[PDB]
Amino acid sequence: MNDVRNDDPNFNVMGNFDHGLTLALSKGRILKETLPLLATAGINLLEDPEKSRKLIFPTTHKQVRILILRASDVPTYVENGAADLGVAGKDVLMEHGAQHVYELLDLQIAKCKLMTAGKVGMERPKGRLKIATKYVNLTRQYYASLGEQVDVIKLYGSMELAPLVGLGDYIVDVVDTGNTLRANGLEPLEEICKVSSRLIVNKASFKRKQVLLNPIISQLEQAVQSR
């Protein structure tokens, strides 16, 4: 009837296989820093997603639905065109791989550095180094950069915990300030590369839904005044 792109009724206005627009967001501190930029494109959630039973959220904009995903899955969904576009840390994107996707924007949010780390005042142990990390490939590639080989240990949860209980000799995680690190008696060591949230678009979706995407991108671009 009205088709006002202001969709205020929450608990409603959510069709499935949306051939409007499907946005995949990394839950947690990325989301917090993401929404401000979405805010300044007239795109906002309509309940606390943390306190919501929904898996698919409708938004203030009627042509846009949101997924709150584990960071690792965001590129997975967009790669496959489940999601038309998404917001993922460069760390995740680089580790996961960039396939059927365009990386359109450095959003300059959830900015941090992929770093090695150890127990404060630690002595490099002797054999193959044991490295606890979510970012296996990136760690494997980074020590390959230094012509070293390492034993990797894949972790999904707290990387902070590993070295305290003597799981890793070292860890590789993303580091904002490394205050949390110091507070748990750890130290950031070697910067592997800089990291920030990046906007990605399924290549197909990008060709197909150009009408919807252009304006949103434009507004997101402007929301970042990094000039």
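Heads up: residue numbers just count along the shown sequence, starting at 1.
When the C-alpha temperature factors are averaged for each of 55 to 63 and 195 to 203, which stretch ends up with the higher value in the entry?
Per the deposited B-factors, the answer is 55 to 63.
Average Cα temperature factor in the PDB entry - higher stretch of 6 to 14, 20 to 28:
Higher mean C-alpha B-factor in the PDB entry: 6 to 14.
Comparing recorded Cα B-factors across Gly89, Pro75, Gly81, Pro125, which one is largest?
In the PDB entry, the greatest C-alpha B-factor among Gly89, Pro75, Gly81, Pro125 is found at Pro125.
Among the choices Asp176, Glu187, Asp173, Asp48, identify the one whose CA B-factor in the record is greatest.
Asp176 has the highest C-alpha B-factor of those listed.
Position of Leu104 among the chain's modelled residues by C-alpha B-factor, lowest, middle or highest third
Bottom third by C-alpha B-factor.
Relative C-alpha B-factor of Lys134, binned into the chain's lowest, middle or highest third
Its C-alpha B-factor, which the entry lists for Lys134, ranks in the lowest third among residues of this chain.
Modelled-residue ranking by C-alpha temperature factor, third containing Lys154:
It falls in the bottom third of the chain.
Based on the deposited C-alpha B factors for this chain, I'd like to know if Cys112 is in the lowest, middle or highest third.
Within its chain, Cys112 is a lowest-third residue by C-alpha B-factor, going by the deposited values.
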